[PDB]
file start-v3.cif (mmCIF, C-alpha atoms and all ligand atoms)
data_run
loop_
_atom_site.label_atom_id
_atom_site.label_comp_id
_atom_site.auth_asym_id
_atom_site.auth_seq_id
_atom_site.Cartn_x
_atom_site.Cartn_y
_atom_site.Cartn_z
CA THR W 4 8.21 6.19 40.55
CA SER W 5 7.59 2.52 41.53
CA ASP W 6 10.30 -0.13 41.27
CA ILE W 7 10.26 -3.73 40.06
CA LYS W 8 13.39 -5.67 39.10
CA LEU W 9 13.41 -6.50 35.37
CA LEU W 10 13.90 -10.22 36.05
CA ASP W 11 10.96 -10.48 38.49
CA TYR W 12 8.85 -8.71 35.89
CA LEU W 13 9.53 -11.03 32.98
CA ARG W 14 8.63 -13.94 35.31
CA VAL W 15 5.27 -12.50 36.21
CA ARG W 16 4.11 -10.10 33.51
CA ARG W 17 0.47 -10.89 32.79
CA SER W 18 -2.12 -9.01 30.71
CA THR W 19 -5.41 -7.79 32.24
CA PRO W 20 -8.62 -8.23 30.17
CA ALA W 21 -10.35 -5.01 29.07
CA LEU W 22 -13.42 -5.53 31.31
CA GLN W 23 -11.22 -6.00 34.39
CA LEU W 24 -9.71 -2.61 33.44
CA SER W 25 -10.82 0.12 35.82
CA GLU W 26 -10.22 3.86 36.17
CA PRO W 27 -7.92 5.90 36.51
CA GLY W 28 -6.14 6.01 33.15
CA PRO W 29 -2.93 8.02 32.73
CA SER W 30 -2.39 11.76 32.30
CA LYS W 31 -1.45 12.98 28.81
CA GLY W 32 1.97 13.43 30.40
CA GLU W 33 2.19 9.91 31.72
CA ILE W 34 1.01 8.75 28.30
CA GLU W 35 3.67 10.81 26.49
CA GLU W 36 6.17 9.16 28.80
CA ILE W 37 4.91 5.69 27.90
CA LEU W 38 5.31 6.28 24.16
CA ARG W 39 8.60 8.15 24.54
CA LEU W 40 9.68 4.82 25.99
CA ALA W 41 7.89 2.43 23.58
CA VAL W 42 9.41 3.99 20.43
CA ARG W 43 12.76 2.74 21.69
CA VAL W 44 12.54 -0.53 19.70
CA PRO W 45 14.76 -2.31 17.20
CA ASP W 46 13.97 -0.84 13.81
CA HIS W 47 16.11 -1.87 10.85
CA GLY W 48 16.83 1.18 8.74
CA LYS W 49 15.72 3.63 11.43
CA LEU W 50 12.38 4.14 9.66
CA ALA W 51 9.79 4.22 12.42
CA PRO W 52 7.23 2.28 10.34
CA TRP W 53 4.51 2.90 12.92
CA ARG W 54 2.33 5.68 14.32
CA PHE W 55 0.08 5.98 17.37
CA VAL W 56 -3.39 7.31 17.91
CA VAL W 57 -4.38 8.01 21.48
CA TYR W 58 -8.08 7.81 22.23
CA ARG W 59 -9.34 9.11 25.56
CA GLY W 60 -12.24 10.96 27.14
CA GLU W 61 -15.63 11.32 25.49
CA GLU W 62 -14.28 10.49 22.00
CA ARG W 63 -14.09 6.81 22.99
CA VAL W 64 -17.83 6.87 23.64
CA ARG W 65 -18.34 8.44 20.20
CA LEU W 66 -16.23 5.80 18.43
CA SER W 67 -17.88 2.87 20.21
CA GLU W 68 -21.10 4.32 18.71
CA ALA W 69 -19.60 4.48 15.22
CA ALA W 70 -18.75 0.83 15.86
CA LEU W 71 -22.27 0.02 17.04
CA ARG W 72 -23.66 1.69 13.93
CA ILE W 73 -21.41 -0.20 11.49
CA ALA W 74 -22.05 -3.44 13.38
CA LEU W 75 -25.84 -3.39 12.98
CA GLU W 76 -25.84 -2.12 9.39
CA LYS W 77 -23.59 -5.15 9.04
CA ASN W 78 -25.94 -7.60 10.78
CA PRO W 79 -29.50 -6.17 10.63
CA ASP W 80 -30.42 -6.83 14.25
CA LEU W 81 -29.38 -9.65 16.59
CA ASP W 82 -28.83 -10.03 20.35
CA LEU W 83 -29.19 -6.85 22.39
CA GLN W 84 -26.44 -8.18 24.64
CA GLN W 85 -23.87 -8.23 21.85
CA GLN W 86 -24.98 -4.67 21.10
CA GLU W 87 -23.54 -3.60 24.45
CA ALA W 88 -20.15 -5.02 23.50
CA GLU W 89 -20.15 -2.50 20.63
CA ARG W 90 -21.36 0.35 22.85
CA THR W 91 -18.44 -0.35 25.20
CA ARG W 92 -15.91 -1.44 22.57
CA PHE W 93 -13.71 1.50 23.55
CA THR W 94 -14.94 2.49 27.01
CA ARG W 95 -14.03 -0.59 29.04
CA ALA W 96 -10.66 1.02 29.72
CA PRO W 97 -9.88 4.76 30.29
CA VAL W 98 -7.44 4.97 27.38
CA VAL W 99 -6.89 3.09 24.15
CA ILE W 100 -3.75 3.62 22.12
CA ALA W 101 -4.11 2.31 18.58
CA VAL W 102 -0.76 1.16 17.15
CA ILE W 103 -0.84 1.57 13.37
CA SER W 104 1.74 -0.08 11.11
CA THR W 105 2.82 2.20 8.26
CA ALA W 106 5.14 -0.31 6.62
CA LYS W 107 5.70 0.07 2.91
CA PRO W 108 8.09 -0.84 0.07
CA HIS W 109 11.58 0.38 0.89
CA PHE W 110 14.78 0.31 -1.19
CA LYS W 111 16.69 -1.68 1.47
CA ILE W 112 14.23 -2.70 4.17
CA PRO W 113 11.74 -5.58 3.68
CA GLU W 114 8.19 -4.95 4.80
CA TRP W 115 8.76 -8.06 6.87
CA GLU W 116 11.30 -6.33 9.11
CA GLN W 117 9.10 -3.22 9.27
CA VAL W 118 6.33 -5.49 10.43
CA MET W 119 8.46 -7.28 13.05
CA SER W 120 9.11 -3.84 14.47
CA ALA W 121 5.45 -2.93 14.91
CA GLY W 122 5.08 -6.35 16.49
CA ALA W 123 7.79 -5.38 18.95
CA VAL W 124 6.64 -1.78 19.49
CA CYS W 125 3.28 -3.16 20.65
CA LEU W 126 4.95 -5.11 23.44
CA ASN W 127 7.16 -2.10 24.30
CA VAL W 128 3.96 -0.16 24.98
CA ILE W 129 2.69 -2.89 27.33
CA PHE W 130 6.15 -2.88 28.90
CA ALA W 131 6.08 0.92 29.40
CA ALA W 132 2.49 0.82 30.70
CA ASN W 133 3.15 -1.85 33.33
CA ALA W 134 6.38 -0.08 34.27
CA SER W 135 4.37 3.15 34.65
CA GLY W 136 1.81 1.69 37.03
CA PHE W 137 -0.92 0.69 34.62
CA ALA W 138 -2.36 -2.61 33.36
CA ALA W 139 -2.83 -3.31 29.63
CA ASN W 140 -4.73 -5.46 27.16
CA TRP W 141 -3.66 -5.83 23.53
CA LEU W 142 -6.70 -6.46 21.35
CA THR W 143 -7.64 -6.28 17.72
CA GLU W 144 -11.25 -7.14 17.36
CA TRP W 145 -12.93 -6.94 13.98
CA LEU W 146 -12.56 -3.15 14.36
CA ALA W 147 -8.94 -3.68 13.29
CA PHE W 148 -9.94 -5.04 9.88
CA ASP W 149 -13.49 -3.84 9.13
CA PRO W 150 -12.91 -1.18 6.41
CA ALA W 151 -15.99 0.87 7.31
CA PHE W 152 -14.48 1.49 10.77
CA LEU W 153 -10.88 1.93 9.63
CA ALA W 154 -11.99 4.83 7.46
CA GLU W 155 -13.73 6.46 10.43
CA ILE W 156 -10.47 6.57 12.38
CA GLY W 157 -8.06 7.59 9.65
CA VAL W 158 -5.95 4.51 8.92
CA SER W 159 -5.64 4.22 5.14
CA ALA W 160 -5.36 1.37 2.64
CA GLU W 161 -1.58 1.66 2.92
CA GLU W 162 -1.71 0.98 6.67
CA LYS W 163 -2.70 -1.86 8.95
CA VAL W 164 -3.63 -1.49 12.59
CA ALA W 165 -1.33 -3.68 14.67
CA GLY W 166 -3.39 -3.47 17.86
CA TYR W 167 -5.68 -1.51 20.15
CA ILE W 168 -3.92 -1.24 23.49
CA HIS W 169 -6.37 -0.58 26.31
CA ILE W 170 -4.63 1.01 29.29
CA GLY W 171 -6.04 1.40 32.78
CA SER W 172 -5.75 0.45 36.41
CA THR W 173 -7.24 -2.71 37.87
CA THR W 174 -8.30 -4.27 41.18
CA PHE W 175 -8.13 -7.78 39.80
CA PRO W 176 -5.58 -10.49 40.70
CA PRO W 177 -3.63 -11.83 37.72
CA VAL W 178 -4.29 -15.49 36.96
CA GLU W 179 -1.89 -17.49 34.77
CA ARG W 180 -2.76 -19.02 31.40
CA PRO W 181 -1.07 -22.06 29.81
CA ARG W 182 2.41 -21.41 28.31
CA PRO W 183 4.34 -23.26 25.51
CA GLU W 184 6.77 -26.04 26.55
CA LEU W 185 10.36 -25.81 25.41
CA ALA W 186 10.44 -29.41 24.14
CA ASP W 187 7.63 -28.26 21.87
CA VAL W 188 9.14 -25.04 20.55
CA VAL W 189 12.90 -24.92 21.00
CA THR W 190 15.45 -27.06 19.17
CA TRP W 191 19.20 -27.25 19.80
CA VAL W 192 22.27 -27.63 17.57
CA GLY W 193 25.95 -27.95 18.51
CA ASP W 194 27.57 -27.73 21.95
CA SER O 5 23.05 -7.14 37.26
CA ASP O 6 19.96 -6.59 39.43
CA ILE O 7 18.37 -3.87 37.28
CA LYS O 8 14.90 -2.31 37.64
CA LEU O 9 12.26 -2.24 34.87
CA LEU O 10 11.53 1.48 34.62
CA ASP O 11 15.20 2.54 34.53
CA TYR O 12 15.81 -0.31 32.09
CA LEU O 13 13.23 0.87 29.55
CA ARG O 14 15.14 4.21 29.47
CA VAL O 15 18.61 2.91 28.65
CA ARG O 16 17.95 -0.34 26.76
CA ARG O 17 20.35 -0.44 23.78
CA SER O 18 21.25 -3.13 21.27
CA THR O 19 24.96 -3.72 20.99
CA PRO O 20 26.03 -5.07 17.57
CA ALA O 21 26.85 -8.74 17.04
CA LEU O 22 30.36 -7.84 15.91
CA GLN O 23 31.20 -6.50 19.40
CA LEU O 24 29.49 -9.37 21.26
CA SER O 25 31.85 -11.60 23.23
CA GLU O 26 32.52 -14.83 25.07
CA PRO O 27 31.03 -16.18 27.40
CA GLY O 28 27.48 -16.81 26.28
CA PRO O 29 24.63 -18.27 28.34
CA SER O 30 24.97 -21.88 29.50
CA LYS O 31 22.30 -24.27 28.25
CA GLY O 32 20.86 -23.66 31.69
CA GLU O 33 20.80 -19.85 31.29
CA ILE O 34 19.56 -20.14 27.69
CA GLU O 35 16.67 -22.41 28.70
CA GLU O 36 15.45 -19.78 31.19
CA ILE O 37 15.87 -16.91 28.71
CA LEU O 38 13.41 -18.76 26.45
CA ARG O 39 11.14 -20.08 29.24
CA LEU O 40 10.76 -16.37 29.90
CA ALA O 41 10.50 -15.25 26.24
CA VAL O 42 7.56 -17.51 25.31
CA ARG O 43 5.23 -15.66 27.63
CA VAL O 44 3.98 -13.21 24.95
CA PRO O 45 0.56 -12.01 23.86
CA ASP O 46 -0.80 -14.65 21.49
CA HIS O 47 -4.43 -14.65 20.25
CA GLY O 48 -5.78 -18.23 20.21
CA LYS O 49 -2.91 -19.35 22.46
CA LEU O 50 -1.41 -21.11 19.44
CA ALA O 51 2.28 -20.21 19.74
CA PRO O 52 3.03 -19.30 16.06
CA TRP O 53 6.81 -19.45 16.56
CA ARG O 54 9.76 -21.77 17.21
CA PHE O 55 13.44 -21.31 18.22
CA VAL O 56 16.70 -22.88 17.08
CA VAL O 57 19.75 -22.44 19.28
CA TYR O 58 23.11 -22.42 17.50
CA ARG O 59 26.09 -23.06 19.73
CA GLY O 60 29.79 -23.74 19.56
CA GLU O 61 30.84 -25.68 16.51
CA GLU O 62 27.64 -25.86 14.46
CA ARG O 63 27.99 -22.08 14.22
CA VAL O 64 31.13 -22.53 12.12
CA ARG O 65 29.56 -25.35 10.12
CA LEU O 66 26.72 -22.90 9.24
CA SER O 67 28.85 -19.84 8.54
CA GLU O 68 31.00 -22.13 6.43
CA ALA O 69 27.81 -23.06 4.52
CA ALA O 70 26.86 -19.41 4.04
CA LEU O 71 30.21 -18.77 2.40
CA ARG O 72 29.72 -21.84 0.17
CA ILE O 73 26.40 -20.50 -1.10
CA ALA O 74 27.84 -16.97 -1.30
CA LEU O 75 30.49 -18.31 -3.67
CA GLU O 76 28.04 -20.40 -5.69
CA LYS O 77 26.20 -17.11 -6.17
CA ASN O 78 29.23 -14.95 -7.00
CA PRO O 79 32.43 -16.98 -7.43
CA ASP O 80 34.80 -14.01 -7.06
CA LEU O 81 34.27 -11.96 -3.91
CA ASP O 82 37.28 -10.55 -2.04
CA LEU O 83 38.98 -12.67 0.61
CA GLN O 84 37.44 -9.95 2.78
CA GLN O 85 33.78 -10.50 1.80
CA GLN O 86 34.37 -14.24 2.17
CA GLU O 87 35.58 -13.69 5.72
CA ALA O 88 32.34 -11.97 6.72
CA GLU O 89 30.33 -15.01 5.56
CA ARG O 90 32.43 -17.66 7.28
CA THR O 91 31.75 -15.43 10.28
CA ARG O 92 27.99 -14.82 10.11
CA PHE O 93 27.14 -17.11 13.03
CA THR O 94 30.47 -17.01 14.88
CA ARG O 95 30.20 -13.34 15.92
CA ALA O 96 28.52 -14.14 19.23
CA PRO O 97 28.71 -17.16 21.60
CA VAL O 98 25.08 -18.07 20.98
CA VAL O 99 22.68 -17.40 18.12
CA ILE O 100 18.96 -18.04 18.53
CA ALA O 101 16.84 -18.21 15.40
CA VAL O 102 13.24 -17.13 15.94
CA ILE O 103 11.03 -18.68 13.28
CA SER O 104 7.50 -17.54 12.54
CA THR O 105 5.25 -20.54 11.98
CA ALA O 106 2.08 -18.67 10.95
CA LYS O 107 -0.47 -20.48 8.81
CA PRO O 108 -4.19 -19.90 8.26
CA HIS O 109 -6.13 -20.60 11.44
CA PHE O 110 -9.91 -20.78 11.59
CA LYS O 111 -10.29 -17.80 13.94
CA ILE O 112 -6.91 -16.11 14.33
CA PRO O 113 -5.77 -14.00 11.37
CA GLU O 114 -2.27 -14.73 10.13
CA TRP O 115 -1.52 -11.06 10.70
CA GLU O 116 -2.09 -11.45 14.44
CA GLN O 117 0.26 -14.47 14.64
CA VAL O 118 2.91 -12.42 12.92
CA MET O 119 2.47 -9.61 15.43
CA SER O 120 3.16 -12.23 18.03
CA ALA O 121 6.48 -13.16 16.35
CA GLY O 122 7.73 -9.57 16.43
CA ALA O 123 6.69 -9.52 20.05
CA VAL O 124 8.65 -12.68 20.81
CA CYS O 125 11.94 -11.33 19.39
CA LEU O 126 11.96 -8.27 21.62
CA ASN O 127 10.86 -10.45 24.51
CA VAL O 128 13.98 -12.58 23.93
CA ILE O 129 16.18 -9.46 23.94
CA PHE O 130 14.48 -8.56 27.24
CA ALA O 131 15.12 -12.02 28.64
CA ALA O 132 18.77 -11.95 27.45
CA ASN O 133 19.38 -8.46 28.77
CA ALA O 134 17.65 -9.43 32.02
CA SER O 135 20.08 -12.31 32.42
CA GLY O 136 23.24 -10.25 32.03
CA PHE O 137 23.75 -10.62 28.26
CA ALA O 138 23.70 -8.14 25.40
CA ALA O 139 21.82 -9.02 22.24
CA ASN O 140 21.52 -7.90 18.63
CA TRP O 141 18.53 -8.63 16.41
CA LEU O 142 19.85 -9.36 12.90
CA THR O 143 18.32 -10.80 9.74
CA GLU O 144 20.60 -10.57 6.76
CA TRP O 145 20.58 -12.35 3.38
CA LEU O 146 20.61 -15.50 5.47
CA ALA O 147 17.04 -14.89 6.70
CA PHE O 148 15.50 -14.83 3.24
CA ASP O 149 17.86 -16.78 0.97
CA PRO O 150 16.00 -20.06 0.19
CA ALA O 151 19.21 -21.96 -0.42
CA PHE O 152 20.34 -21.39 3.17
CA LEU O 153 16.89 -21.62 4.76
CA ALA O 154 16.73 -25.17 3.42
CA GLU O 155 20.04 -26.11 5.02
CA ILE O 156 18.84 -24.84 8.41
CA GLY O 157 15.50 -26.52 8.02
CA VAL O 158 13.14 -23.56 7.74
CA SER O 159 10.18 -24.86 5.74
CA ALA O 160 8.23 -23.03 3.05
CA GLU O 161 5.19 -22.38 5.26
CA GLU O 162 7.71 -20.63 7.58
CA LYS O 163 9.72 -17.36 7.73
CA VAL O 164 12.61 -16.32 9.97
CA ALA O 165 11.57 -13.68 12.52
CA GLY O 166 15.21 -12.91 13.19
CA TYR O 167 18.62 -14.13 14.26
CA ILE O 168 19.21 -13.06 17.77
CA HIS O 169 22.95 -12.93 18.49
CA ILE O 170 23.63 -13.02 22.23
CA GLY O 171 26.87 -12.58 24.14
CA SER O 172 28.67 -10.62 26.81
CA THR O 173 29.50 -6.95 26.40
CA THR O 174 32.24 -4.92 28.08
CA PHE O 175 31.19 -1.27 27.54
CA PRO O 176 27.61 0.03 27.18
CA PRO O 177 26.46 1.14 23.69
CA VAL O 178 26.06 4.75 22.69
CA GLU O 179 22.45 5.78 22.18
CA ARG O 180 20.94 6.61 18.78
CA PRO O 181 18.23 9.14 17.82
CA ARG O 182 14.65 8.12 18.44
CA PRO O 183 11.41 9.39 16.86
CA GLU O 184 9.80 12.64 17.96
CA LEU O 185 6.35 11.94 19.41
CA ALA O 186 5.21 15.07 17.56
CA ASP O 187 5.89 13.22 14.26
CA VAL O 188 4.54 9.77 15.22
CA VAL O 189 1.62 10.30 17.67
CA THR O 190 -1.69 12.08 17.07
CA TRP O 191 -4.13 12.73 19.92
CA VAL O 192 -7.91 12.35 19.86
CA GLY O 193 -10.06 13.51 22.79
CA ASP O 194 -9.44 15.33 26.06
CA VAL O 195 -10.12 15.30 29.80
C1 LIG W 201 12.90 -7.61 12.24
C2 LIG W 201 14.23 -6.85 12.38
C3 LIG W 201 15.49 -7.27 11.48
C4 LIG W 201 16.87 -6.47 11.59
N1 LIG W 201 18.04 -6.87 10.75
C5 LIG W 201 19.39 -6.07 10.86
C6 LIG W 201 20.57 -6.46 10.01
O1 LIG W 201 20.45 -7.49 9.09
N2 LIG W 201 21.82 -5.70 10.13
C7 LIG W 201 21.93 -4.52 11.09
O2 LIG W 201 23.12 -3.80 11.21
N3 LIG W 201 20.73 -4.14 11.94
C8 LIG W 201 19.50 -4.90 11.83
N4 LIG W 201 18.30 -4.50 12.69
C9 LIG W 201 18.46 -3.40 13.63
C10 LIG W 201 19.14 -3.76 14.98
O3 LIG W 201 18.71 -4.62 15.67
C11 LIG W 201 19.63 -2.53 15.73
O4 LIG W 201 20.56 -2.98 16.68
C12 LIG W 201 18.32 -2.03 16.36
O5 LIG W 201 17.49 -1.43 15.39
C13 LIG W 201 18.66 -1.00 17.46
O6 LIG W 201 17.51 -0.95 18.26
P1 LIG W 201 17.68 -0.49 19.83
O7 LIG W 201 18.78 0.75 19.88
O8 LIG W 201 16.38 -0.07 20.31
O9 LIG W 201 18.18 -1.77 20.73
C14 LIG W 201 16.98 -5.27 12.59
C15 LIG W 201 15.73 -4.83 13.50
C16 LIG W 201 14.35 -5.63 13.39
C17 LIG W 201 13.14 -5.25 14.27
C1 LIG W 202 -1.76 -8.87 17.41
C2 LIG W 202 -2.64 -9.43 18.55
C3 LIG W 202 -4.22 -9.15 18.52
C4 LIG W 202 -5.14 -9.73 19.69
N1 LIG W 202 -6.61 -9.47 19.68
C5 LIG W 202 -7.51 -10.05 20.83
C6 LIG W 202 -9.00 -9.79 20.82
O1 LIG W 202 -9.52 -9.06 19.75
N2 LIG W 202 -9.84 -10.33 21.89
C7 LIG W 202 -9.21 -11.17 23.01
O2 LIG W 202 -9.99 -11.71 24.03
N3 LIG W 202 -7.70 -11.43 23.02
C8 LIG W 202 -6.88 -10.89 21.96
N4 LIG W 202 -5.37 -11.14 21.95
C9 LIG W 202 -4.75 -11.92 23.03
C10 LIG W 202 -4.34 -11.07 24.25
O3 LIG W 202 -3.84 -10.01 24.11
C11 LIG W 202 -4.04 -11.82 25.53
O4 LIG W 202 -3.97 -10.88 26.56
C12 LIG W 202 -2.70 -12.55 25.34
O5 LIG W 202 -2.96 -13.78 24.71
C13 LIG W 202 -2.17 -12.80 26.77
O6 LIG W 202 -0.78 -13.04 26.79
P1 LIG W 202 0.01 -12.73 28.21
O7 LIG W 202 -0.82 -13.44 29.45
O8 LIG W 202 1.55 -13.34 28.17
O9 LIG W 202 0.05 -11.29 28.40
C14 LIG W 202 -4.49 -10.58 20.85
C15 LIG W 202 -2.91 -10.88 20.89
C16 LIG W 202 -2.00 -10.29 19.73
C17 LIG W 202 -0.48 -10.55 19.77
#
call {"tool": "encode", "arguments": {"input": "start-v3.cif", "output": "structure tokens"}}
result
Amino acid sequence: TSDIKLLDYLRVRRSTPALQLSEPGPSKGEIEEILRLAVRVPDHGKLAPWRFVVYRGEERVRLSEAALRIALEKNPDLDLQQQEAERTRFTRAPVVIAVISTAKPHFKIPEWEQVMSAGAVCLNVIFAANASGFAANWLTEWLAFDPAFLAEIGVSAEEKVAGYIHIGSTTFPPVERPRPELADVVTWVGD
Amino acid sequence: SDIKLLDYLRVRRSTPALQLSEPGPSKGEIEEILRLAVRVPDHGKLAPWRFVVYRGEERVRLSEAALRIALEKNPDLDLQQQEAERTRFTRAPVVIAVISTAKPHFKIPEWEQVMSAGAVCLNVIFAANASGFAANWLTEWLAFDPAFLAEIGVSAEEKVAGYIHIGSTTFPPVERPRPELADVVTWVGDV
């Protein structure tokens, strides 16, 4: 329902860190609305080289344990503190949408362009989440690459996870981080 | 031109370069479009991208070059196919090249700096749309052909994220089919 001009939004959009991410999450219906909106990205060849996996409820707690398991079998036993990170890897926010790339050899489309799309679809999710009243963090901790975890959540060898998008509410004021300067990144030609 | 974010996410449509028109953004307006576009998620805050803004005459110089290389390749293409090439960059007032500059970092995977480039291209479209300009995200032979890349100064450690053609549009674009959530999203857990 809530309104924000597009221009004011681009000037102010700021991610919220997963810890700062409180409850409530969104209803399955709100969430369907967010994705129905995110899958409206540029996609050369009209291929939809991505897929989403929505994690919410108790199953987050169960995954974070699969992640705690793998993590220790990885490193016998170090800091108990770090072990909490793994217990709450997926429970810091109410919902976590995993954005999987499913890019592969195509007869006309380069996996590069199919990858640029998943790049863009990840921002379109953050865009739909903020526009829908929620705050978002786009992570990919080791869980994105560690093959013992990737198997436990169903992303194959032929796929790469693009990001885990934690969605929630928050009571925390956005603070700005340093941005790139245009003398440093943009370059002009012709007038 | 004062549009709201939620409605915007529902109607957002690329209009093709071919039907993009004069006037484009002033250097002023372009600077803001990019000042706005470089605020993207970006692990390691290392800005793995750069932009090149092709305007006015150097657009013809470049299209002219495309055609030269497209004749070196195949010295007998129709006066039609030649037209297209001497037209590549003169379809829209402005053309902004987004370049990925991803190299091995010591903490940030190259994959995550590529995700950020995809992000940045949409973000530019958002900034351009938000400023009253249509925009089409192209990448044709000219994004991958090493002959041409060398004339525009895109190194070997670099790849072109896309050529974002930006201009003014008279009528809104017709929508195209989007994915069915049923096909592209699976749900895990309940509440
Ligand atoms: C990385 C990337 C490269 C693309 N290159 C082309 C191209 O060379 N020619 C073309 O007709 N469309 C190309 N497209 C598709 C267009 O941008 C098309 O306008 C877009 O898919 C429509 O998306 P929209 O309706 O959500 O705005 C590309 C899309 C992406 C993400
Ligand atoms: C593909 C990708 C993976 C990321 N993974 C992490 C992570 O595992 N941990 C972390 O503290 N930040 C991570 N980040 C950075 C953030 O998302 C951070 O919110 C971003 O740099 C903030 O940009 P913004 O203030 O314009 O929203 C990642 C960014 C991208 C594009």
call {"tool": "closest_atom_pairs", "arguments": {"input": "start-v3.cif", "of": "chain W", "to": "ligand LIG 201 (chain W)", "cutoff": "9 Å", "atoms": "only C-alpha atoms and all ligand atoms", "output": "tab-separated table"}}
result
residue	atom	partner	partner_atom	distance
W:42	CA	W:LIG201	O8	8.1
W:43	CA	W:LIG201	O8	4.8
W:44	CA	W:LIG201	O8	3.9
W:45	CA	W:LIG201	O6	3.2
W:46	CA	W:LIG201	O5	3.9
W:47	CA	W:LIG201	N4	3.9
W:48	CA	W:LIG201	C9	6.9
W:49	CA	W:LIG201	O5	6.7
W:112	CA	W:LIG201	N1	8.7
W:113	CA	W:LIG201	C3	8.8
W:115	CA	W:LIG201	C1	6.8
W:116	CA	W:LIG201	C1	3.7
W:117	CA	W:LIG201	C1	6.5
W:118	CA	W:LIG201	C1	7.1
W:119	CA	W:LIG201	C1	4.5
W:120	CA	W:LIG201	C17	4.3
W:121	CA	W:LIG201	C17	8.1
W:122	CA	W:LIG201	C17	8.4
W:123	CA	W:LIG201	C17	7.1
call {"tool": "residues_near_ligand", "arguments": {"input": "start-v3.cif", "ligand": "ligand LIG 202 (chain W)", "cutoff": "8 Å", "atoms": "all atoms listed in the file", "output": "PyMOL selection string"}}
result
(chain W and resi 16-20+122+140-145+165-167+179-180) or (chain O and resi 42-49+115-120+123)
call {"tool": "write_last_selection", "arguments": {"input": "start-v3.cif", "atoms": "C-alpha atoms", "output": "short mmCIF file (atom, residue, chain, number, x, y, z; two decimals), in the coordinates of the input"}}
result
data_model
loop_
_atom_site.label_atom_id
_atom_site.label_comp_id
_atom_site.auth_asym_id
_atom_site.auth_seq_id
_atom_site.Cartn_x
_atom_site.Cartn_y
_atom_site.Cartn_z
CA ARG W 16 4.11 -10.10 33.51
CA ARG W 17 0.47 -10.89 32.79
CA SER W 18 -2.12 -9.01 30.71
CA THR W 19 -5.41 -7.79 32.24
CA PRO W 20 -8.62 -8.23 30.17
CA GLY W 122 5.08 -6.35 16.49
CA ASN W 140 -4.73 -5.46 27.16
CA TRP W 141 -3.66 -5.83 23.53
CA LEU W 142 -6.70 -6.46 21.35
CA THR W 143 -7.64 -6.28 17.72
CA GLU W 144 -11.25 -7.14 17.36
CA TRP W 145 -12.93 -6.94 13.98
CA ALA W 165 -1.33 -3.68 14.67
CA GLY W 166 -3.39 -3.47 17.86
CA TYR W 167 -5.68 -1.51 20.15
CA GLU W 179 -1.89 -17.49 34.77
CA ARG W 180 -2.76 -19.02 31.40
CA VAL O 42 7.56 -17.51 25.31
CA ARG O 43 5.23 -15.66 27.63
CA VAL O 44 3.98 -13.21 24.95
CA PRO O 45 0.56 -12.01 23.86
CA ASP O 46 -0.80 -14.65 21.49
CA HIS O 47 -4.43 -14.65 20.25
CA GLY O 48 -5.78 -18.23 20.21
CA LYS O 49 -2.91 -19.35 22.46
CA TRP O 115 -1.52 -11.06 10.70
CA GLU O 116 -2.09 -11.45 14.44
CA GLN O 117 0.26 -14.47 14.64
CA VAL O 118 2.91 -12.42 12.92
CA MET O 119 2.47 -9.61 15.43
CA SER O 120 3.16 -12.23 18.03
CA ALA O 123 6.69 -9.52 20.05
#
call {"tool": "residues_around", "arguments": {"input": "start-v3.cif", "residues": "residue 186 in chain O", "least_positions_apart": "2", "cutoff": "12 Å", "atoms": "only C-alpha atoms", "output": "number ranges by chain"}}
result
W: 35, 38-39, 54-56; O: 182-184, 188-191
call {"tool": "closest_residue", "arguments": {"input": "start-v3.cif", "among": "W:4, W:9, W:102, W:83", "to": "residue 136 in chain W", "atoms": "all atoms listed in the file"}}
result
W:4
call {"tool": "closest_residue", "arguments": {"input": "start-v3.cif", "among": "W:8, W:189, W:178, W:155", "to": "residue 72 in chain W", "atoms": "only C-alpha atoms"}}
result
W:155
call {"tool": "atom_distance", "arguments": {"input": "start-v3.cif", "atom1": "CA of residue 194 in chain W", "atom2": "CA of residue 13 in chain W"}}
result
26.9 Å
call {"tool": "atom_distance", "arguments": {"input": "start-v3.cif", "atom1": "CA of residue 93 in chain W", "atom2": "CA of residue 132 in chain W"}}
result
17.7 Å
